[PDB]
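Respectively, the protein sequence lines represent chains A and B. Numbering follows my numbering, with no gaps: position 400 of the first sequence is 543. Numbering follows my numbering, with no gaps: position 3 of the second sequence is 1383. The C-beta atom is built at its ideal place from N, Cα and C for all residues, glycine as well.
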Amino acid sequence: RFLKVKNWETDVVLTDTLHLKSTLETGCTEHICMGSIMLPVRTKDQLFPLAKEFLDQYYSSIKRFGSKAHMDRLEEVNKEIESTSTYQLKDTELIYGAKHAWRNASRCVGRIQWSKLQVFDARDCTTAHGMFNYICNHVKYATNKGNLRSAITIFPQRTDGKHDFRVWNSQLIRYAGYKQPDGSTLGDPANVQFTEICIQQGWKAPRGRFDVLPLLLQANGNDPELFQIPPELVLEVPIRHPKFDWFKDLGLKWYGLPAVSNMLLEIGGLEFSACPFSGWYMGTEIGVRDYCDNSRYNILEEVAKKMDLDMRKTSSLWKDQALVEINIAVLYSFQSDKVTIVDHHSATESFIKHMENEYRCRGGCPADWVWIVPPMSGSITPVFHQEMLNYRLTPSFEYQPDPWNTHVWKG
Amino acid sequence: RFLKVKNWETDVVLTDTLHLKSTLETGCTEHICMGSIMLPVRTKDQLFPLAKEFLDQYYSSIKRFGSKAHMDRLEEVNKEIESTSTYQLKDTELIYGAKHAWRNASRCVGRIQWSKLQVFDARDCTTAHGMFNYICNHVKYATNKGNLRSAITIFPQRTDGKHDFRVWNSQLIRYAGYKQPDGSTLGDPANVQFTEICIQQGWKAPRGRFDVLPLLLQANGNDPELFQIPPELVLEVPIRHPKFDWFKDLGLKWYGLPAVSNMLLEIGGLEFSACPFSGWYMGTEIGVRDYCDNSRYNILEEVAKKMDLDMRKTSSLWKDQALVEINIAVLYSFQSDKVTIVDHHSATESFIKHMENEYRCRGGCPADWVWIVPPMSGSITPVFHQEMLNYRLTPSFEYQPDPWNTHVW
Ligand code: HEM
Ligand code: HEM
Ligand SMILES: CNCCc1cc(C#N)cc(OCc2ccc3c(C)cc(N)nc3c2)c1
Ligand SMILES: CNCCc1cc(C#N)cc(OCc2ccc3c(C)cc(N)nc3c2)c1
Ligand SMILES: C[C@H](O)[C@H](O)[C@H]1CNc2nc(N)[nH]c(=O)c2N1
Ligand SMILES: C[C@H](O)[C@H](O)[C@H]1CNc2nc(N)[nH]c(=O)c2N1
Ligand SMILES: [Zn+2]
């Protein structure tokens, strides 16, 4: 069964055969599409097929399919599942798994870079302090004084689900949010809940509009612990605008390293519940979502005011106008400080090339249009007129429940 | 199986029960989502369940479900089908059918106005000249001197597929597209092929670039005929900018009346191949789409150039900045000339209200996030953080092959 996607801007057609390798499910049916829904304990019974499938993939990619090396490895993993009810990945396997999880991440516009991931194996870690140490080295290596480098750090896999490693932060670096008594929010509204947890766990909040949050780290199923990333490791960029001198006076800055830490890495049935990964920012992530979203910093209005915009009628597009300027300033700031950033035009063009290259050498590229198209200027980026097929491949990154909702407290 | 959708900006949760009454298919499966794909004759046995399904919802909507009247009409249609192999809608059913075809159009952000559709029954029409007349009356009524009103005009239903009524234009009003020897195009690149087909069938093009295309009308499956819409019926808006008075000299205008004419309307099994319908523009449909789309006017370059923006690297966001000004202007021009137009903030906010309404009174509202989200500034509109469920209800508007690929000549 061959499937076709058309680019309606260039009439280019591609043929997806890769969707047949799809194991997981979308949530869609023949009678309903859940394409815009954000979100749609493992026994040896269903593990070896998941293991076998992964090892078949791996040994295929290294062109050793059905070799004695391949067959012994299967046999070896089998006996280990038979006797220990889990199994350990070799280093080569882990690296492959991490890179393909990213490659398979259908909502990621930045996957042209997937094969250049720096994989830190932290499977020997046993304590939160050791987690803190691995994360510091990640941040330092990834940041690289502004010349950002893709990296992922992988903590030990889940076992009986009672001894999980978790990074409780949604990102390694993120600013606090404080609900004031009068209903207003100081800092980043997105992080109010997590801030409160941290504070309960004994964090001394400076209560400023741009305080870096502490790391809240859980090793081996134990209660999480608070650590402060060394300020000198957190690279930040003051936000100014190239024509607007008053923009600097808005007092804004943002951190340079986007590093997501609350997801789950699945490789051959194994689950890595703590697997922080990082790349670099597309400008709109900060400028459109992190400032202008109504449930965020919402400087939108204050930027509009200082531009002396007609803020009466929305048909003046003052909202649209301020949004462009804020994204202009975000790109301007990061470039001026030689901190790696990409604009949404560059990233989408790059992705289209990636996708075509993927269809030719892999027979497909799973892609989530709803998430790949940029949150501003959609139709003037080339992904907008690009049909995309969405399906789920393993290895993968998955969502998992917030740890504070599932964790059993030791004391 | 009582599905829930969440707004992530507001945490409002709605529960969708209406999707269980879905008949048609989406194109997706458990293994693959086709949510971004643009495009995924009836026997007696196929027809009657379709008729019954339609008549059942009709009589429920008028609170006379299971009534003598209901049962009367069911037997009545049933008998006509076994005899004539088809049937005819009562006027009331036609109006209900049409309005609900709009209500169910999951890709339409304008559906809050769905019940105020003006239906023009054109089923007595027999010729292209007749179609032209019904269409001129539609255009004039809809336009209403700039105060636009929704309308649909419905021509005879398909019979045996050889007697089809078809409006060959994609819209009633659209500018011509001529490609120059030079290489590029002038007029409107989307219409290049059709502009050729008109000339190919005898149109004499004014080869300016805002030349309103002729109508190409097909009655009862005959060869189609060219007709020129009276210019005084074609309301146009000169495009100026409220702050940049160099903008006027770009020489741009657009027509006030968006009127889609190539879709098929399906009611209780019956197929209306000619059914032009019209409302009023969302600003972005002309500015983010009919000016800057690289496969159309693509005047972005020209605009930024005499905004003298730094067009050296994409990271200056000059395209974005220009895109916004063009759209500010479109809105400004229409409002200035008192021609109806809605901005993308207003329409999306309207739709959220409409959506809530439909969950409340109907139990659901099929919606295609990929088309509902405007082509600019998506994330600062309320629909962006709105989860939506997409499914196919009937009555519906559907796509159909372009006539020139089909029509036996
Ligand atoms: C190197 C430059 C990268 C860029 C520019 C980039 C860009 C993006 C953007 C803009 C999104 C949409 C998220 C949103 O708007 O909320 C996204 C999603 C995602 N990215 Fe990438 N990314 C990069 C690197 C990476 C890396 C290194 C990984 C993993 C190792 C990764 C994995 C993912 C995943 C799993 C998602 C889906 C999130 C979800 O399902 O909620 N990305 N990316
Ligand atoms: C009155 C104001 C209206 C507004 C503002 C509006 C807005 C829109 C917009 C922005 C689209 C996106 C399509 C594109 O960008 O190319 C759309 C699609 C659509 N509209 Fe509405 N519309 C209106 C009235 C109507 C009426 C009166 C009908 C029919 C009774 C209708 C039926 C449809 C259908 C069927 C589609 C999708 C066609 C497809 O599946 O490709 N609309 N509309
Ligand atoms: C406004 N969107 C918030 C929704 C969201 C949820 C989760 C989770 N869990 C993770 C998310 O992250 C997406 C993502 C992941 C990794 C990224 C990397 C490595 C770099 C980058 N520039 N953006 C990313 C973006 C987003
Ligand atoms: C660039 N996208 C083109 C895809 C498209 C195809 C067809 C068809 N056939 C019909 C389409 O119609 C969209 C539409 C239909 C009716 C509208 C009405 C009545 C009013 C309005 N403002 N926009 C409409 C927009 C679109
Ligand atoms: C490929 C892509 O899905 C397709 O071009 C769609 C995307 N969203 C759209 N949205 C609107 N409003 N109009 C369109 O024509 C499209 N085109
Ligand atoms: C409801 C909606 O699907 C949800 O808010 C999605 C839409 N598209 C998105 N796209 C990106 N890049 N990031 C997001 O967080 C979202 N959110
Ligand atoms: Zn789907």
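Chain-ordered chain B contacts of residue i [CB-CB under 8 Å]
i	result
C268/A	Neighbours of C268/A on chain B: none; closest Cβ ~34 Å, over 8 Å.
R432/A	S1759
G178/A	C1408, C1413, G1415, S1416, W1749, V1750 and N1770
Below-9 Å beta-carbon distance, residue i vs any chain A residue
i	result
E1405/B	yes
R1772/B	yes
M1756/B	yes
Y1712/B	yes
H1621/B	no
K1386/B	yes
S1402/B	yes
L1383/B	yes
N1785/B	no
Under 9 Å by beta carbon: chain A residues contacting residue i
i	result
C1672/B	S522 and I523
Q1581/B	Within 9 Å Cβ-Cβ: nothing; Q1581/B doesn't reach chain A, min ~25 Å.
C-beta neighbour in chain B for residue i, strict 9 Å
i	result
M425/A	no
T158/A	no
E530/A	yes
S489/A	yes
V516/A	yes
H162/A	yes
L443/A	yes
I495/A	no
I471/A	yes
Contact test: residue i Cβ vs ligand 5 heavy atom, cutoff 8 Å
i	result
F1445/B	no
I495/A	no
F145/A	no
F527/A	yes
Chain-ordered neighbours of residue i on chain A, where CB pairs are closer than 7 Å
i	result
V1704/B	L460, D463, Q464 and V467
Residue i Cβ short of 8 Å to ligand 2 heavy atom set
i	result
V1489/B	yes
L1497/B	yes
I1515/B	no
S1465/B	no
Residue i: contacting residues in chain B (beta-carbon distance under 7 Å)
i	result
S438/A	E1389
Residue i Cβ short of 8 Å to ligand 3 heavy atom set
i	result
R432/A	yes
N287/A	no
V403/A	yes
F420/A	yes
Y424/A	yes
Residue i Cβ short of 8 Å to ligand 1 heavy atom set
i	result
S438/A	no
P509/A	no
Neighbour list for residue i in chain B, Cβ cutoff strictly below 9 Å
i	result
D486/A	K1693, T1694, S1695, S1696 and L1697
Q478/A	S1695
Closer than 8 Å: residue i CB and nearest ligand 6 heavy atom
i	result
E1767/B	yes
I429/A	no
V513/A	yes
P538/A	no
Proximal residues of chain A, C-beta to C-beta of residue i below 8 Å
i	result
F1764/B	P518
Kindly confirm or deny that the region 1639–1649 of chain B and the region 1549–1563 of chain B touch, where touching means at least three C-beta pairs closer than 8 Å. yes
Would you call the region 1389–1402 of chain B and the region 1759–1777 of chain B in contact, with 3 or more CB pairs under 8 Å? yes
Point to revise | Pocket of ligand 7 defined by Cβ to heavy atom distance under 5 Å | key: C171/A, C176/A, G178/A, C1408/B, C1413/B and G1415/B
Are at least three pairs of beta-carbons, each pair with one atom in the region 483–499 of chain A and one in the region 242–258 of chain A, less than 8 Å apart?
yes
Worksheet item: Is the number of C-beta pairs between the region 470–488 of chain A and the region 407–420 of chain A that are closer than 8 Å three or more?
Response: no
### Message
Would the region 170–178 of chain A count as touching the region 1434–1442 of chain B if we require 3 or more Cβ pairs under 8 Å?
### Response
no
- Message: Does the structure place the region 514–526 of chain A close enough to the region 1686–1696 of chain B that three or more beta carbon pairs sit under 8 Å?
- Response: no
Original post:
Is the region 240–247 of chain A touching the region 538–547 of chain A, taking contact as three or more C-beta pairs under 8 Å?
Top reply: yes
For the 8 Å Cβ check, are there 3 or more pairs between the region 222–242 of chain A and the region 183–194 of chain A? yes
On the three-pair Cβ rule with 8 Å, is the region 1596–1616 of chain B touching the region 1528–1548 of chain B? yes
Is it a yes or a no for the region 259–276 of chain A touching the region 384–392 of chain A, going by three-plus beta-carbon pairs under 8 Å? no
Taking one C-beta from the region 1574–1581 of chain B and one from the region 1657–1676 of chain B each time, how about it: are there three or more such pairs within less than 8 Å? no
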